[PDB]
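Student: Structure below; questions to follow.
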Amino acid sequence: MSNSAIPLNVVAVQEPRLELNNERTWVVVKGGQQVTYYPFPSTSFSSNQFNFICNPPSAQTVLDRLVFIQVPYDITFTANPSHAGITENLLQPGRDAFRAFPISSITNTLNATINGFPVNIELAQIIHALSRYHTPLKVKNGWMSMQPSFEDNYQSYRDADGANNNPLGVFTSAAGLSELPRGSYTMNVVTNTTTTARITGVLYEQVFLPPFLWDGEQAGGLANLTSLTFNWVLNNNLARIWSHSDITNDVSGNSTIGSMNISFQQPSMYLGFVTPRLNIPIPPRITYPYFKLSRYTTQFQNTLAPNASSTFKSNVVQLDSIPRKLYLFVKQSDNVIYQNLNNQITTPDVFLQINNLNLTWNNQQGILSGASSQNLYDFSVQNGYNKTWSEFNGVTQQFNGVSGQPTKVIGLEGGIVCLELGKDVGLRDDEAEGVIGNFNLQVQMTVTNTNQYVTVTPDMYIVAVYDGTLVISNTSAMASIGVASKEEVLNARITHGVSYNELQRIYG
Amino acid sequence: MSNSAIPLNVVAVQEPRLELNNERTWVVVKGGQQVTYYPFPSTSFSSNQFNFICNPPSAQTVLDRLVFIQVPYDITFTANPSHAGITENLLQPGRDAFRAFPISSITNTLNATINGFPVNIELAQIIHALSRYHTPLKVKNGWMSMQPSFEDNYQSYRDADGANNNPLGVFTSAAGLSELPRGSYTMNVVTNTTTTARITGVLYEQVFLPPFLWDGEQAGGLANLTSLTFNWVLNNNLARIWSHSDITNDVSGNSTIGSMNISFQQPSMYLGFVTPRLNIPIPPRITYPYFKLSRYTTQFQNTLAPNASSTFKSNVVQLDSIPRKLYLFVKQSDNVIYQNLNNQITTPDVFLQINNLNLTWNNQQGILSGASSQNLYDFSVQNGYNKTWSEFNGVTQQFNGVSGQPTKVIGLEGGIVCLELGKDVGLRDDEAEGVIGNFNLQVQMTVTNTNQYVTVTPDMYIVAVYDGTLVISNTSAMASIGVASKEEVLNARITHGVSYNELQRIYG
Amino acid sequence: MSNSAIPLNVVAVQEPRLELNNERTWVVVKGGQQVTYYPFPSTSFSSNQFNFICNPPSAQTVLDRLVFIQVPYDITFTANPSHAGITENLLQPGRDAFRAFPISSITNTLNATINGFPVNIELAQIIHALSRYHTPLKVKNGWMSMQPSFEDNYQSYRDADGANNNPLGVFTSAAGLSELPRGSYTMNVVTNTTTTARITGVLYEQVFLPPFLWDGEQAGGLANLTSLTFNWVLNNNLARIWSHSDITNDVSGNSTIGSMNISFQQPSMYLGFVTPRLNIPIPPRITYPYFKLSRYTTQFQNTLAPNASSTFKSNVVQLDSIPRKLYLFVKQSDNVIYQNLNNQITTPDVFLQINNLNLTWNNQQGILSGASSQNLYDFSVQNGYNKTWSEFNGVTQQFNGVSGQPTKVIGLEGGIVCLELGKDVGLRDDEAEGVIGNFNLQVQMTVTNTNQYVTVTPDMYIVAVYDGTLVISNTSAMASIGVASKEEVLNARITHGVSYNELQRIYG
Amino acid sequence: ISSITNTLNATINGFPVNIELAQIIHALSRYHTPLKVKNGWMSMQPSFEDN
Amino acid sequence: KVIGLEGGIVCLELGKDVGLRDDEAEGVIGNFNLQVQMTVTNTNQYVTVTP
């Protein structure tokens, strides 16, 4: 429309209803012959160690990225004296289920070696701050549906009680085409009575960690291996699997349930080896993207409650490279939850509300200090936060209508910030999303306890994900970081032939 | 960038905040004038079949893809002796609503002949299976909304009576921004008493056949039509359109309702014809994608009750050309559902849970034997299945809180597996998923009844969908399957853009 | 695929599981250093007008598009005679919340001025209909989640309690991962009794005006400006921020409140900035898309009630150019809703159901004539209406099952049709969206009130939205409308590439 | 124990082959054996046919 | 009766037992982070031991 300011080109476009003329080909979709599903039953498993050794049938077989283990289980709980108490059954229609995600929240460290090169991630802590963060609605009803997956939205189970979003509800009570409560996940009960409860079922869980994936869409698999494996080591306390609502217990029982003994029977993983058609060849040595989770947790004893405000800091921690992303959040500290059976079961995994976060990049301070805590949300949802602003900063007020009564406040499970490091910190140049090395950061954020009932010693976490490339050939598994010279990055050409939105898709 | 194993090419992108500067065009939309909508009233509508003879206004007019038929009805119920009593009214607050979607499940076949070549479908069997596979809540609240659209997520209505997701619940009782259960759908009740009822309203529904679409997205409307016609032939029973729950009926048990009488007033189709500008001209003979749904059914004498497992042999079936995809699902055998009015109204749509399937081909034998039933759900969901894994494979527990009642088991919906052919099944070399050859499959599949109340009699369905081109010209029309040749498909040149994921979306 | 009518060119694509080889390339994402958020507290804010004046820190900084204001507020209520009494509190558990969305709802005109040229929208009217129109479930839980954003679907708040989709309700009672009801929004309750209530929080509203945005995608920020300023003139009545339910209060007709007063404290904008990394140069003069939203309405003296039909003409409102979109809906008349406080606080914001809209275009009398109400809605969800159809045209019965008091109906929110103007209305030859000429338009549509409680008078709106390039360059804010020529459109070379499904994404 | 098995499943090398056994075992039992082979390996289970 | 008998003191030689990346050695510099989380059982019968 060469009438505006500086002139510009016009193209015409066709409405969807009628094009109708354009060279329309027909695309024959070919995938290699003889796709197969293997089922390796773990050999060597204990209550504390699952141990699969699973090799590919050949070189030339390209195994698929989505892996997942299934595992049959057997739990028994026995009522405690002196309560008491107690009239009623030991399991309750609203009070209990499994903790999402059962299998991971127990695993100390999952571990796997692609082709003789050891790649591992720590599952226990990282996973709950990993759940909140990249799944929309569509994906939550897709693959991730296999383990209990509903997230902890109430600050303490006791308050949620009977509610329509209550995490531990039955199958009824969750609207249509919506995320189910964890009570709805099937298990069959041999006996449930006062004094005793014995239940049994089957638990699925997808192996998390790169270069495998729990995103829906997927890319090309890892030909050409000769070796593969998996090893999960589990915490010895192993009672963390169950979740229970405080409502029943009263004061000084304190609670009915403890103790309980969980047991496993040999689990078995499921791999999918396709093999390509003879006519079309795959290359001899091939490359893949590969990320890597790293965590440092800092604990300071001081205890704020029920709702005081304070400030914290972390010891400086040097890094060897800019990491692609970074996650900051204050959790209810781990050390206090572990002692005692009562406590381990009946505390949801939630975060404190961040009044303000200020952090320093390397030898540089004051970053993000000025931005409103509500602003923290704005640029993080853009990262993909998927949770109503209301639950981030969580605390909500419902007022009751009867004279001589005070209104009651409800704690709501705060948020977790994340700031893609070229996106939301900005970088002096030339520095990239990968370049080595040696930058050092520390964080100092001010939090507020919102939980209405318990004093909470807190803690801070920082998860980074370094980025690099893992090249597999038979038989090698070279991996790098840095990958680009600090000079070569300063003058690489910006191409308009991609959409920054394309790089959101490669999680991560 | 060169620094890992093999050197890799370097490019740099702009963060989305500062994407300027790139040359930016002003795009002018040119979509031809005269989008109008005609309302053809049926001539020769009887009690048994409606018929519409509706021709385009002129040559030169593109008839758009979405079409739908509105139909005013009338129904009367009559409480039967001697089930009495018989207290309160026949229609209840949340006890009943239209079976969804109604006038499609009644129709025996709908057949539309585009331009002197007939394109026919058999809906009564096909519909429910097709229904699940391509809905993303956003799409199921779009066009899919017009006919009551909520499918039964319970094995028996009985148990679901107090429940938030109840498939036939009143408008109050749906979550905000979600699917609404069939009790929502509006219509005037002239009377409701004990001993009689009568209801009157106009209910829509689309033509579901290919071509024409229920999928939201849309593409090129079929020009240059010169003739069109639609025939609906509906089954005798009719009583099926209504649904209703177990609890209310009693003690024999025999329901309150039977018998009842439906009617139809003159109906009417509704379709629109955009017409191009003289400027931008359209080709004299053009080609459209054309799928063809075909279904094969077997019946087994043998019963299982009410949660005992069994195996089944799918009957043999020789095809001419590889089907693009195919859907197998066991379900409750029809004949039973038809005999007797109450029985006919009472029982839902749902299937039995597939414990494992093992299909064969023409000498590739046992394919898919070892893949866990869970593994089955996975590859299916990638083709779009769209429901939590918990409700596929549906059995769920609700544990009871009172001493010392047993805990009750709820069946849900048996799943339906779908396997795109090039994708999961693995073709022999050089023949893709369209080509003409003689191949015959069988699908032996073991499956369990999970519904607690009735003995199931089973039946197995296998719905295949073939892919071909249909050239509509002026004047004549022409479809041909197996459009590619085996020597051709062997060596066809391989392209990167656009990749497959985008490709599937044209449905399907 | 040579052998089906006209030979079709035939290429092969690769599956997902095996990309496997395709030239992959490491990509440095380099976006400039320095993203920071300055908050500008509004000097000279009062109770009735806010005034910000936000200056650029320096040249060379892009200003990030997404802007939002954050106001702290304070309200006190009072019980009146003589409805009382009246026991219980003023504030009820599920009977009252903010009107969604509160702060803008009150605003007469939100006006800004970029770089010395003033652009404004009239917010109070526009907002509520331009609210339904472009959000999915994914986006309403994204940004828009900062204000209360659940929309009024009930024709009166009377019926809404108690139900799990009632707009004004407690946070619990919303099913997992869905639009939260408006009573969720957090805010402190200083005191609550019979005769007195008082609340004090802080609430945000993202600024709804182009070029600035409020939906998902994110696009290039405006550089380079030297001045920027805003001015909201709040409507004077300023009791419309709150909302009530009618169920409470006397059969006599009198309300609980009473009166109330509102007061704001200091309020403050939050602008993003970032300074482009020194090496890459942003061009001196740049150009952005911009849309001018304008509205007109016509009043009517006679009234209809409670559910009978009527028809209306609209006067000839002459649009100066052809706008991109055009909206049209019949709203309950303002002249009445602003009187008597009680009337002002307690009515929702919804529409009378359109039965047939038959409008006259540029020299055509009778475009869209005989398309069924159903038929109109179809083609508007391709403009992303989003809300389910049964809510559009809203009427919904609800039978009870007790003897023998006849069943109740419920009014539901009526739709608001929208015709995209080059697409759905169909345009002259050689003329297109941008093209500027003087054209007369006057709608004529019939509407039936569905709400069964009150007499309604009808306003009618017609909100257009134009298209023009605006060329920022310090210091000038050059604007245009109608940049393509009546000639030029003729022979604009049809090109794709460019996808129409992408074009529905660049929306304002 | 053959008479009690509902089904015996045995997968080899990753491809599962199984035989139902409650009733299929008695058909196969009378059929192919002769005296000299009946009295060999098949001597371990109490294997004399009900006549 | 049960006797507590003195807990252990674990010592891992750093390069040898812990494992160490390419081009790093016993006296190279500098700046790596270290964090250790081990779990302990008290054995001493008589006294409550703060640790």
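FYI, nothing fancy with the structure tokens labels: chains A, B, ... in order, residues from 1 per chain, ligands from 1 as they appear.
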Report the residues of stretch 94-199 of chain C whose backbone DSSP state falls under helix (DSSP H, G or I), written as a ChimeraX atom specification.

Tutor: /C:102-106,123-132,137-140,143-146,157-160

Student: Give the residues of chain A that lie within 10 Å of chain D; count only C-alpha atoms, and format the answer as a list in words.

Tutor: residues 36, 37, 38, 39 and 40 of chain A

Student: Can I get the selected residues back with N, CA and C atoms, as a tab-separated table (two decimals), in the first residue's frame?

Tutor:
chain	number	residue	atom	x	y	z
A	36	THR	N	8.43	-52.41	16.68
A	36	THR	CA	8.32	-53.48	17.66
A	36	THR	C	8.23	-52.86	19.03
A	37	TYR	N	7.60	-53.54	19.98
A	37	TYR	CA	7.70	-53.09	21.36
A	37	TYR	C	8.31	-54.12	22.27
A	38	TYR	N	9.39	-53.73	22.94
A	38	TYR	CA	10.06	-54.67	23.80
A	38	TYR	C	9.56	-54.50	25.22
A	39	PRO	N	9.56	-55.58	26.02
A	39	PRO	CA	9.23	-55.35	27.42
A	39	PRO	C	10.26	-55.93	28.40
A	40	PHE	N	11.35	-55.23	28.68
A	40	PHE	CA	12.40	-55.74	29.61
A	40	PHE	C	11.97	-55.81	31.07

Student: Could you build a table of the residues in chain B lying no more than 7 Å from chain A, giving for each the nearest pair of atoms and their separation in Å rounded to one decimal place, using only C-alpha atoms, ordered by chain and ascending residue number, as JSON lines?

Tutor:
{"residue": "B:1", "atom": "CA", "partner": "A:484", "partner_atom": "CA", "distance": 3.8}
{"residue": "B:2", "atom": "CA", "partner": "A:484", "partner_atom": "CA", "distance": 6.4}
{"residue": "B:3", "atom": "CA", "partner": "A:483", "partner_atom": "CA", "distance": 5.0}
{"residue": "B:4", "atom": "CA", "partner": "A:483", "partner_atom": "CA", "distance": 5.9}
{"residue": "B:10", "atom": "CA", "partner": "A:492", "partner_atom": "CA", "distance": 6.5}
{"residue": "B:11", "atom": "CA", "partner": "A:493", "partner_atom": "CA", "distance": 5.7}
{"residue": "B:12", "atom": "CA", "partner": "A:494", "partner_atom": "CA", "distance": 4.4}
{"residue": "B:13", "atom": "CA", "partner": "A:494", "partner_atom": "CA", "distance": 5.3}
{"residue": "B:15", "atom": "CA", "partner": "A:500", "partner_atom": "CA", "distance": 6.6}
{"residue": "B:16", "atom": "CA", "partner": "A:500", "partner_atom": "CA", "distance": 6.3}
{"residue": "B:25", "atom": "CA", "partner": "A:9", "partner_atom": "CA", "distance": 5.5}
{"residue": "B:26", "atom": "CA", "partner": "A:10", "partner_atom": "CA", "distance": 5.0}
{"residue": "B:27", "atom": "CA", "partner": "A:11", "partner_atom": "CA", "distance": 5.2}
{"residue": "B:28", "atom": "CA", "partner": "A:12", "partner_atom": "CA", "distance": 4.9}
{"residue": "B:29", "atom": "CA", "partner": "A:13", "partner_atom": "CA", "distance": 5.1}
{"residue": "B:30", "atom": "CA", "partner": "A:14", "partner_atom": "CA", "distance": 5.8}
{"residue": "B:31", "atom": "CA", "partner": "A:15", "partner_atom": "CA", "distance": 5.1}
{"residue": "B:64", "atom": "CA", "partner": "A:17", "partner_atom": "CA", "distance": 6.5}
{"residue": "B:163", "atom": "CA", "partner": "A:172", "partner_atom": "CA", "distance": 5.0}
{"residue": "B:164", "atom": "CA", "partner": "A:173", "partner_atom": "CA", "distance": 4.5}
{"residue": "B:165", "atom": "CA", "partner": "A:175", "partner_atom": "CA", "distance": 4.5}
{"residue": "B:174", "atom": "CA", "partner": "A:175", "partner_atom": "CA", "distance": 6.5}
{"residue": "B:175", "atom": "CA", "partner": "A:175", "partner_atom": "CA", "distance": 6.0}
{"residue": "B:179", "atom": "CA", "partner": "A:176", "partner_atom": "CA", "distance": 6.2}
{"residue": "B:218", "atom": "CA", "partner": "A:16", "partner_atom": "CA", "distance": 6.9}
{"residue": "B:219", "atom": "CA", "partner": "A:16", "partner_atom": "CA", "distance": 5.5}
{"residue": "B:220", "atom": "CA", "partner": "A:18", "partner_atom": "CA", "distance": 5.2}
{"residue": "B:221", "atom": "CA", "partner": "A:17", "partner_atom": "CA", "distance": 5.9}
{"residue": "B:282", "atom": "CA", "partner": "A:21", "partner_atom": "CA", "distance": 6.3}
{"residue": "B:283", "atom": "CA", "partner": "A:21", "partner_atom": "CA", "distance": 6.7}
{"residue": "B:368", "atom": "CA", "partner": "A:36", "partner_atom": "CA", "distance": 6.7}
{"residue": "B:370", "atom": "CA", "partner": "A:37", "partner_atom": "CA", "distance": 6.2}
{"residue": "B:371", "atom": "CA", "partner": "A:37", "partner_atom": "CA", "distance": 5.3}
{"residue": "B:378", "atom": "CA", "partner": "A:143", "partner_atom": "CA", "distance": 6.6}
{"residue": "B:381", "atom": "CA", "partner": "A:142", "partner_atom": "CA", "distance": 6.5}
{"residue": "B:386", "atom": "CA", "partner": "A:142", "partner_atom": "CA", "distance": 6.4}
{"residue": "B:387", "atom": "CA", "partner": "A:141", "partner_atom": "CA", "distance": 5.9}
{"residue": "B:388", "atom": "CA", "partner": "A:141", "partner_atom": "CA", "distance": 5.0}
{"residue": "B:389", "atom": "CA", "partner": "A:145", "partner_atom": "CA", "distance": 5.5}
{"residue": "B:390", "atom": "CA", "partner": "A:185", "partner_atom": "CA", "distance": 6.1}
{"residue": "B:395", "atom": "CA", "partner": "A:186", "partner_atom": "CA", "distance": 6.6}
{"residue": "B:396", "atom": "CA", "partner": "A:186", "partner_atom": "CA", "distance": 4.7}
{"residue": "B:397", "atom": "CA", "partner": "A:186", "partner_atom": "CA", "distance": 5.7}
{"residue": "B:398", "atom": "CA", "partner": "A:170", "partner_atom": "CA", "distance": 6.2}
{"residue": "B:399", "atom": "CA", "partner": "A:93", "partner_atom": "CA", "distance": 5.3}
{"residue": "B:400", "atom": "CA", "partner": "A:93", "partner_atom": "CA", "distance": 5.7}
{"residue": "B:401", "atom": "CA", "partner": "A:92", "partner_atom": "CA", "distance": 5.3}
{"residue": "B:402", "atom": "CA", "partner": "A:88", "partner_atom": "CA", "distance": 5.8}
{"residue": "B:403", "atom": "CA", "partner": "A:88", "partner_atom": "CA", "distance": 5.7}
{"residue": "B:404", "atom": "CA", "partner": "A:193", "partner_atom": "CA", "distance": 6.6}
{"residue": "B:422", "atom": "CA", "partner": "A:31", "partner_atom": "CA", "distance": 5.5}
{"residue": "B:423", "atom": "CA", "partner": "A:31", "partner_atom": "CA", "distance": 6.2}
{"residue": "B:424", "atom": "CA", "partner": "A:35", "partner_atom": "CA", "distance": 6.6}
{"residue": "B:425", "atom": "CA", "partner": "A:35", "partner_atom": "CA", "distance": 6.6}
{"residue": "B:426", "atom": "CA", "partner": "A:33", "partner_atom": "CA", "distance": 4.3}
{"residue": "B:427", "atom": "CA", "partner": "A:33", "partner_atom": "CA", "distance": 5.0}
{"residue": "B:428", "atom": "CA", "partner": "A:33", "partner_atom": "CA", "distance": 5.6}
{"residue": "B:429", "atom": "CA", "partner": "A:277", "partner_atom": "CA", "distance": 6.0}
{"residue": "B:432", "atom": "CA", "partner": "A:30", "partner_atom": "CA", "distance": 6.0}

Student: Can those selected residues be exported to a file as a compact mmCIF listing (two decimals), in the first residue's frame so that it contains C-alpha atoms?

Tutor:
# COMPACT_ATOMS: atom_id res chain seq x y z
CA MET B 1 29.75 -22.95 16.64
CA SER B 2 32.26 -25.39 15.18
CA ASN B 3 33.63 -26.93 18.40
CA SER B 4 31.82 -30.19 18.94
CA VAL B 10 25.68 -21.10 12.83
CA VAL B 11 22.69 -18.71 12.78
CA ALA B 12 21.37 -16.16 15.29
CA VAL B 13 17.81 -15.24 16.21
CA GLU B 15 14.26 -12.25 20.98
CA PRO B 16 10.57 -11.63 20.40
CA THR B 25 4.38 -6.29 4.08
CA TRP B 26 0.83 -5.05 4.15
CA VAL B 27 -1.31 -8.05 3.31
CA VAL B 28 -4.64 -7.29 1.60
CA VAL B 29 -7.35 -9.94 1.92
CA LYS B 30 -9.21 -10.61 -1.33
CA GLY B 31 -12.20 -12.86 -0.61
CA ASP B 64 -18.55 -24.24 1.49
CA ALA B 163 -21.75 -36.32 40.60
CA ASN B 164 -20.22 -33.15 39.12
CA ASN B 165 -19.15 -34.67 35.82
CA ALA B 174 -20.81 -27.57 34.74
CA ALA B 175 -17.48 -25.88 35.48
CA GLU B 179 -18.06 -28.76 28.10
CA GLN B 218 -11.75 -25.45 7.15
CA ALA B 219 -10.31 -25.36 3.65
CA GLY B 220 -11.36 -25.13 -0.06
CA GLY B 221 -15.08 -25.47 -0.79
CA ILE B 282 -10.68 -20.59 -10.83
CA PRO B 283 -9.54 -23.75 -12.81
CA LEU B 368 2.10 -55.76 18.70
CA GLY B 370 4.17 -57.61 23.69
CA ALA B 371 3.17 -53.96 24.07
CA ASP B 378 0.32 -44.04 24.20
CA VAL B 381 -3.01 -40.52 21.93
CA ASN B 386 -7.73 -37.04 24.01
CA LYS B 387 -8.71 -38.64 27.33
CA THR B 388 -6.83 -39.33 30.52
CA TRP B 389 -5.35 -42.79 30.71
CA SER B 390 -7.25 -43.30 33.89
CA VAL B 395 -12.08 -49.22 36.29
CA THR B 396 -11.88 -46.92 39.29
CA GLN B 397 -12.20 -47.43 43.00
CA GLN B 398 -14.06 -45.23 45.48
CA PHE B 399 -13.33 -46.21 49.09
CA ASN B 400 -16.11 -45.93 51.62
CA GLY B 401 -16.05 -44.21 55.00
CA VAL B 402 -18.40 -46.17 57.29
CA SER B 403 -17.95 -49.30 59.39
CA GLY B 404 -17.83 -51.68 57.80
CA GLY B 422 2.85 -46.10 8.29
CA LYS B 423 3.21 -44.83 11.87
CA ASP B 424 2.81 -47.77 14.23
CA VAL B 425 2.12 -50.92 12.25
CA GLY B 426 5.23 -51.02 10.05
CA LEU B 427 4.71 -51.57 6.35
CA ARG B 428 6.72 -53.84 4.12
CA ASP B 429 9.31 -52.06 2.04
CA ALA B 432 3.13 -46.72 1.47

Student: One decimal, in Å: what's the spacing between atom CA of residue C:314 and atom CA of residue C:129?

Tutor: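 Here the two named atoms are 18.8 Å from each other.
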
Student: List the neighbours of stretch 28-33 of chain D out to 12 Å using only C-alpha atoms; skip same-chain residues closer than 3 positions along the sequence, and give me the result as a list in words.

Tutor: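 Counting only the stated atoms, we get residues 2, 3, 21, 22, 23, 24, 25, 36, 37, 38, 39, 40, 41, 42, 43, 47, 48, 49, 50 and 51 of chain D.
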
Student: How would you write, as an MDAnalysis selection string, the set of residues in stretch 375-475 of chain B that DSSP gives as strand (DSSP E)?

Tutor: chainID B and resid 395:398 408:411 417:418 436:448 458:473

Student: Quick one: of E:31, E:42, E:37, E:50, who's nearest to residue E:7, counting only C-alpha atoms?

Tutor: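 Counting only C-alpha atoms, the residue closest to residue E:7 is E:42.
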
Student: Please check the contacts: residues of chain A at most 10 Å away from chain E, using only C-alpha atoms, listed as a ChimeraX atom specification.

Tutor: /A:296-297,316-320,438

Student: Restricting the output to N, CA, C and O atoms, write the selected residues as a short mmCIF file (atom, residue, chain, number, x, y, z; two decimals), in the first residue's frame.

Tutor:
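New file part.cif:
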data_model
loop_
_atom_site.label_atom_id
_atom_site.label_comp_id
_atom_site.auth_asym_id
_atom_site.auth_seq_id
_atom_site.Cartn_x
_atom_site.Cartn_y
_atom_site.Cartn_z
N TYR A 296 21.48 -26.43 43.43
CA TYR A 296 22.10 -26.11 44.71
C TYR A 296 21.02 -25.64 45.65
O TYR A 296 20.30 -24.76 45.29
N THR A 297 20.92 -26.19 46.86
CA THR A 297 19.85 -25.83 47.80
C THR A 297 20.50 -25.21 49.02
O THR A 297 21.37 -25.82 49.59
N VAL A 316 27.44 -17.35 47.37
CA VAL A 316 27.73 -17.18 45.97
C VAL A 316 28.04 -18.54 45.41
O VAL A 316 28.70 -19.34 46.03
N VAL A 317 27.54 -18.80 44.21
CA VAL A 317 27.83 -20.05 43.50
C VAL A 317 28.30 -19.77 42.06
O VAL A 317 27.53 -19.31 41.22
N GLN A 318 29.58 -20.02 41.78
CA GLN A 318 30.13 -19.77 40.44
C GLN A 318 29.54 -20.76 39.47
O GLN A 318 29.15 -21.84 39.87
N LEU A 319 29.45 -20.40 38.21
CA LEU A 319 28.99 -21.33 37.19
C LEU A 319 30.03 -21.41 36.09
O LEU A 319 30.84 -20.51 35.95
N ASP A 320 29.99 -22.49 35.31
CA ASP A 320 31.00 -22.70 34.27
C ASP A 320 30.53 -22.23 32.90
O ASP A 320 31.30 -22.30 31.93
N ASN A 438 32.55 -19.42 33.63
CA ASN A 438 32.97 -18.86 34.92
C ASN A 438 32.20 -17.71 35.57
O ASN A 438 32.71 -17.09 36.49
#

Student: Could you name the residues that touch residue B:465 at 6 Å or less, counting only C-alpha atoms, but leaving out those on the same chain fewer than 3 positions away, as a ChimeraX atom specification?

Tutor: /B:292-293,323-325

Student: Next, dump the selected residues to file, keeping only C-alpha atoms, as a JSON list (two decimals), in the first residue's frame.

Tutor:
[["chain", "number", "residue", "atom", "x", "y", "z"],
["B", 292, "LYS", "CA", -13.81, -43.22, 2.88],
["B", 293, "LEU", "CA", -14.96, -44.76, 6.16],
["B", 323, "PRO", "CA", -6.06, -47.92, 4.91],
["B", 324, "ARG", "CA", -4.54, -44.66, 6.18],
["B", 325, "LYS", "CA", -5.62, -45.68, 9.72]]

Student: For residue A:507, work out the shell of residues within 9 Å, counting only C-alpha atoms and skipping chain neighbours fewer than 6 positions away, then give it as an MDAnalysis selection string.

Tutor: chainID A and resid 134 213 215 291

Student: Restricting the output to N, CA, C and O atoms, write the selected residues as a JSON list (two decimals), in the first residue's frame.

Tutor:
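Final output, saved to part_30.json:
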[["chain", "number", "residue", "atom", "x", "y", "z"],
["A", 134, "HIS", "N", 5.86, -26.64, 32.26],
["A", 134, "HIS", "CA", 5.76, -26.60, 30.81],
["A", 134, "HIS", "C", 4.59, -27.25, 30.15],
["A", 134, "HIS", "O", 4.56, -27.36, 28.93],
["A", 213, "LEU", "N", 11.91, -37.69, 26.46],
["A", 213, "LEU", "CA", 10.95, -36.59, 26.68],
["A", 213, "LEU", "C", 9.53, -36.94, 27.18],
["A", 213, "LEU", "O", 8.99, -38.03, 26.90],
["A", 215, "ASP", "N", 7.24, -34.29, 26.91],
["A", 215, "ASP", "CA", 6.47, -33.39, 26.07],
["A", 215, "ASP", "C", 5.71, -34.23, 25.07],
["A", 215, "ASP", "O", 6.17, -35.30, 24.68],
["A", 291, "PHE", "N", 20.38, -31.29, 27.22],
["A", 291, "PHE", "CA", 20.36, -30.35, 28.33],
["A", 291, "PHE", "C", 20.84, -31.09, 29.56],
["A", 291, "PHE", "O", 21.14, -32.28, 29.46]]

Student: So how far away is atom CA of residue C:419 from atom CA of residue B:181, in Å?

Tutor: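 These atoms are spaced 29.3 Å apart.
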
Student: Could you list, as a short mmCIF file (atom, residue, chain, number, x, y, z; two decimals) with N, CA, C and O atoms, in the first residue's frame, every residue within 7 Å of residue C:111, counting only C-alpha atoms and ignoring same-chain residues fewer than 5 positions away?

Tutor:
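Result written to part02.cif:
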data_model
loop_
_atom_site.label_atom_id
_atom_site.label_comp_id
_atom_site.auth_asym_id
_atom_site.auth_seq_id
_atom_site.Cartn_x
_atom_site.Cartn_y
_atom_site.Cartn_z
N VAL C 119 -4.01 8.87 20.94
CA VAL C 119 -4.83 7.73 20.53
C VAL C 119 -5.65 7.29 21.71
O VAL C 119 -5.11 7.11 22.79
N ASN C 120 -6.95 7.11 21.52
CA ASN C 120 -7.78 6.70 22.65
C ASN C 120 -8.90 5.72 22.34
O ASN C 120 -9.35 5.62 21.20
N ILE C 121 -9.37 5.04 23.37
CA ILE C 121 -10.47 4.11 23.25
C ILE C 121 -11.51 4.53 24.29
O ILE C 121 -11.15 5.09 25.32
N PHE C 230 -0.37 8.79 29.79
CA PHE C 230 -1.71 8.22 29.81
C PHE C 230 -2.65 9.08 30.65
O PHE C 230 -2.19 9.89 31.45
N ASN C 231 -3.96 8.93 30.47
CA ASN C 231 -4.98 9.64 31.27
C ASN C 231 -6.28 8.91 31.27
O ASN C 231 -6.96 8.86 30.25
N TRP C 232 -6.66 8.35 32.40
CA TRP C 232 -7.94 7.69 32.47
C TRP C 232 -8.85 8.66 33.09
O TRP C 232 -8.51 9.23 34.12
#
